Amino acid sequence: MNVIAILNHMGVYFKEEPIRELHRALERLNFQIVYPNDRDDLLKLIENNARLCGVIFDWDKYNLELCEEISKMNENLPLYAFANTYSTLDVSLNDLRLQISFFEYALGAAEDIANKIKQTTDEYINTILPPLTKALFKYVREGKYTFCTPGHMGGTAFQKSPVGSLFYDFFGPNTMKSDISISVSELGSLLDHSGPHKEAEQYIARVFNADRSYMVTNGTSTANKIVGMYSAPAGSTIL
Amino acid sequence: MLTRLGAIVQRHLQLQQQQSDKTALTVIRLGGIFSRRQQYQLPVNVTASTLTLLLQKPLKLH
Ligand SMILES: *Cc1c(COP(=O)(O)O)cnc(C)c1O
């Protein structure tokens with residue numbers, strides 16, 4: 001997730017110069033810059049390319065041909081539209097879920113713009129991800145607890161054996177550090193169904209339209225055995 | 001005697017609701033795994049079917 005799109009060319013210099021200054025600033029924080037052509041070019045960079053999170057275009061050029069098609073594909077997609085002096089909204093842009101970030105064409109302030117895009121991208125990551133997955137990714141970069149289960153502890157025992165180094169280098173450092181048991185307090189326990197696990201079950205039930213969806217950690221073949229033992233006492237009749 | 005016994009029960013319950021602050025009503029907790037916080041009455045303490053419940057501050061219902 002590091003693709004930034006810069007659509008259209010106004011032909012002037014006071015609008016393309018901030019684009020050139022921002023081109024050298026976004027590359028310092030690992031971001032891919034793409035230059036689409038017409039309106040149909042940007043539409044192909046969203047359906048086929050899912051790793052995009054930045055759309056830069058002129059607000060006083062396509063204020064209705066882009067705010068309608070993008071809204072039909074993604075709701076929380078950041079729109080880094082650049083407005084001008086005589087700029088305003090439209091009456092047909094009230095019932096659309098969009099994230100428009102306005103800026104200016106000021107020289108020298110390209111460094112401050114790059115910090116705002118990185119912080120806005122971080123807000124997009126912390127929003128579309130559920131609180132259970134978001135807490136798991138944050139626990140790897142900060143949570144470093146000792147004397148816990150399992151015994152590998154993020155791949156520590158594999159770094160002391162020649163045969164263990166081949167198995168650790170296949171997956172990755174973030175893979176072994178994400179395998180944690182119930183020995184963590186800020187993530188809760190699955191058997192207790194509290195904390196992050198409580199809001200995770202209520203989130204799936206709202207998406208799939210249910211009351212309280214569950215998460216079986218053994219497969220479908222096991223879920224049919226737990227439900228079957230409910231409405232079937234020792235001596236009944238099932239259909 | 002039925003219309004006279006009701007006045008005795010009404011007078012008896014009038015003095016019991018005045019001192020209701022001493023004995024409240026504690027409901028047991030059992031919210032395990034369910035879509036709603038279920039509750040349950042008292043076990044051996046109450047066994048009647050049509051029991052009555054008192055209240056502190058009276059309200060204007062109906
Ligand atoms: C494939 C299948 C299963 C097994 O699914 P798993 O998640 O792999 O256990 C169980 N029930 C039905 C009807 C299936 O088609």
# chains A, B, ... in the order shown; residues from 1 in each chain; ligands from 1
>>> residues_around(residues="residue 55 (chain B)", least_positions_apart="6", cutoff="12 Å", atoms="only C-alpha atoms", output="ChimeraX atom specification")
/B:13-14,16-21,23-25
>>> write_last_selection(atoms="C-alpha atoms", output="compact mmCIF listing (two decimals), in the first residue's frame")
# COMPACT_ATOMS: atom_id res chain seq x y z
CA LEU B 13 -47.59 -3.28 52.38
CA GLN B 14 -47.68 0.47 53.08
CA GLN B 16 -43.07 -2.36 54.21
CA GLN B 17 -42.39 0.03 51.32
CA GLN B 18 -41.33 2.78 53.72
CA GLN B 19 -38.41 0.70 55.06
CA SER B 20 -37.51 -0.84 51.68
CA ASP B 21 -34.07 0.83 51.76
CA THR B 23 -33.44 -4.80 51.97
CA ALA B 24 -33.04 -4.06 48.26
CA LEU B 25 -33.10 -6.63 45.45
>>> residues_around(residues="residue 22 (chain A)", least_positions_apart="5", cutoff="8 Å", atoms="only C-alpha atoms", output="ChimeraX atom specification")
/A:110-111,113-114
>>> residues_near_ligand(ligand="ligand 1", cutoff="12 Å", atoms="only C-alpha atoms and all ligand atoms", output="list in words")
residues 215, 216, 217, 218, 219, 220, 221, 222, 223, 224 and 225 of chain A
>>> write_last_selection(atoms="N, CA and C atoms", output="mmCIF file, in the first residue's frame")
data_model
loop_
_atom_site.group_PDB
_atom_site.id
_atom_site.type_symbol
_atom_site.label_atom_id
_atom_site.label_comp_id
_atom_site.auth_asym_id
_atom_site.auth_seq_id
_atom_site.Cartn_x
_atom_site.Cartn_y
_atom_site.Cartn_z
ATOM 1 N N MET A 215 -16.092 -17.573 15.535
ATOM 2 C CA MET A 215 -14.863 -17.819 14.782
ATOM 3 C C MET A 215 -14.304 -19.170 15.218
ATOM 4 N N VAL A 216 -14.596 -20.209 14.443
ATOM 5 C CA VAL A 216 -14.128 -21.554 14.757
ATOM 6 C C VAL A 216 -12.670 -21.684 14.338
ATOM 7 N N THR A 217 -11.830 -22.157 15.260
ATOM 8 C CA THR A 217 -10.401 -22.321 15.019
ATOM 9 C C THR A 217 -10.029 -23.767 14.708
ATOM 10 N N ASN A 218 -10.960 -24.538 14.141
ATOM 11 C CA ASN A 218 -10.683 -25.931 13.814
ATOM 12 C C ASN A 218 -11.253 -26.316 12.452
ATOM 13 N N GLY A 219 -12.092 -25.470 11.859
ATOM 14 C CA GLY A 219 -12.649 -25.747 10.552
ATOM 15 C C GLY A 219 -14.146 -25.976 10.584
ATOM 16 N N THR A 220 -14.694 -26.207 9.388
ATOM 17 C CA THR A 220 -16.124 -26.455 9.255
ATOM 18 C C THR A 220 -16.516 -27.828 9.787
ATOM 19 N N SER A 221 -15.641 -28.826 9.634
ATOM 20 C CA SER A 221 -15.955 -30.174 10.100
ATOM 21 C C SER A 221 -16.159 -30.220 11.608
ATOM 22 N N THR A 222 -15.533 -29.303 12.344
ATOM 23 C CA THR A 222 -15.685 -29.250 13.792
ATOM 24 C C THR A 222 -16.900 -28.437 14.221
ATOM 25 N N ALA A 223 -17.231 -27.372 13.484
ATOM 26 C CA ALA A 223 -18.373 -26.540 13.850
ATOM 27 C C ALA A 223 -19.686 -27.308 13.755
ATOM 28 N N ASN A 224 -19.775 -28.279 12.843
ATOM 29 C CA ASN A 224 -20.989 -29.075 12.725
ATOM 30 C C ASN A 224 -21.174 -30.030 13.896
ATOM 31 N N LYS A 225 -20.099 -30.358 14.616
ATOM 32 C CA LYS A 225 -20.215 -31.253 15.761
ATOM 33 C C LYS A 225 -20.618 -30.513 17.029
#
>>> residues_around(residues="region 122-139 of chain A", least_positions_apart="4", cutoff="12 Å", atoms="only C-alpha atoms", output="compact mmCIF listing (two decimals) with C-alpha atoms, in the first residue's frame")
# COMPACT_ATOMS: atom_id res chain seq x y z
CA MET A 1 0.00 0.00 0.00
CA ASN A 2 2.15 2.85 -1.33
CA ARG A 51 -2.61 -1.20 -3.36
CA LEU A 52 -3.56 2.42 -4.15
CA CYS A 53 -4.39 5.00 -1.48
CA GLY A 54 -3.62 8.40 -3.02
CA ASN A 74 -14.37 2.66 -2.48
CA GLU A 75 -15.78 4.78 0.35
CA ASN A 76 -12.73 5.50 2.54
CA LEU A 77 -10.29 6.04 -0.34
CA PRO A 78 -8.32 9.25 0.35
CA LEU A 79 -8.70 11.91 -2.36
CA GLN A 99 -12.36 11.45 1.90
CA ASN A 115 4.07 14.27 6.49
CA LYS A 116 0.32 14.85 6.17
CA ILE A 117 -0.05 12.15 3.50
CA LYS A 118 1.83 9.59 5.61
CA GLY A 143 4.81 -5.68 22.59
CA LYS A 144 7.95 -7.62 23.61
CA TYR A 145 6.94 -9.75 26.60
CA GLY A 154 8.81 -14.96 18.01
CA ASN A 174 6.61 -10.87 11.48
CA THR A 175 5.14 -14.37 11.03
CA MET A 176 6.61 -15.97 14.16
CA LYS A 177 5.99 -12.89 16.31
CA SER A 178 2.27 -12.98 15.46
CA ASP A 179 1.74 -16.51 16.84
CA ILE A 180 0.77 -15.74 20.44
CA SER A 181 -1.41 -17.63 22.91
CA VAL A 184 -1.27 -11.28 26.39
CA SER A 185 -3.43 -8.89 28.41
CA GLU A 186 -4.02 -6.12 25.84
CA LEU A 187 -5.48 -8.61 23.32
CA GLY A 188 -7.78 -10.70 25.53
CA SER A 189 -8.53 -14.41 25.39
CA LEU A 190 -10.64 -16.23 22.82
CA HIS A 193 -14.68 -13.75 24.71
CA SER A 194 -13.80 -10.37 26.23
CA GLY A 195 -11.90 -7.27 25.20
CA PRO A 196 -10.84 -7.25 21.55
CA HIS A 197 -12.44 -10.67 21.03
CA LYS A 198 -15.84 -9.37 22.18
CA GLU A 199 -15.99 -6.55 19.63
CA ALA A 200 -14.61 -8.84 16.91
CA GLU A 201 -17.56 -11.24 17.10
CA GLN A 202 -20.05 -8.37 17.01
CA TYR A 203 -18.29 -6.86 13.98
CA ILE A 204 -18.63 -9.99 11.84
CA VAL A 207 -21.24 -7.38 8.21
>>> interface_residues(of="chain B", to="chain A", cutoff="9 Å", atoms="only C-alpha atoms", output="PyMOL selection string")
chain B and resi 32-35
>>> residues_around(residues="residue 17 (chain A)", least_positions_apart="5", cutoff="9 Å", atoms="only C-alpha atoms", output="PyMOL selection string")
chain A and resi 12+22+105+107
>>> write_last_selection(atoms="N, CA, C and O atoms", output="PDB file, in the first residue's frame")
ATOM      1  N   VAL A  12       0.051  24.650 -16.836  1.00  0.00           N
ATOM      2  CA  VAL A  12       0.687  25.814 -16.231  1.00  0.00           C
ATOM      3  C   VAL A  12       1.912  25.365 -15.445  1.00  0.00           C
ATOM      4  O   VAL A  12       2.229  24.172 -15.396  1.00  0.00           O
ATOM      5  N   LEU A  22       6.820  17.525  -4.755  1.00  0.00           N
ATOM      6  CA  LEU A  22       6.236  16.423  -4.000  1.00  0.00           C
ATOM      7  C   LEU A  22       6.689  15.067  -4.526  1.00  0.00           C
ATOM      8  O   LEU A  22       6.668  14.085  -3.776  1.00  0.00           O
ATOM      9  N   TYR A 105      -0.960  25.382  -3.516  1.00  0.00           N
ATOM     10  CA  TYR A 105       0.176  25.332  -4.429  1.00  0.00           C
ATOM     11  C   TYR A 105       1.278  26.250  -3.907  1.00  0.00           C
ATOM     12  O   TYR A 105       1.723  27.181  -4.581  1.00  0.00           O
ATOM     13  N   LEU A 107       5.110  26.903  -2.542  1.00  0.00           N
ATOM     14  CA  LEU A 107       6.465  26.410  -2.738  1.00  0.00           C
ATOM     15  C   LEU A 107       7.201  26.331  -1.407  1.00  0.00           C
ATOM     16  O   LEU A 107       6.975  27.136  -0.499  1.00  0.00           O
TER      17      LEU A 107
END
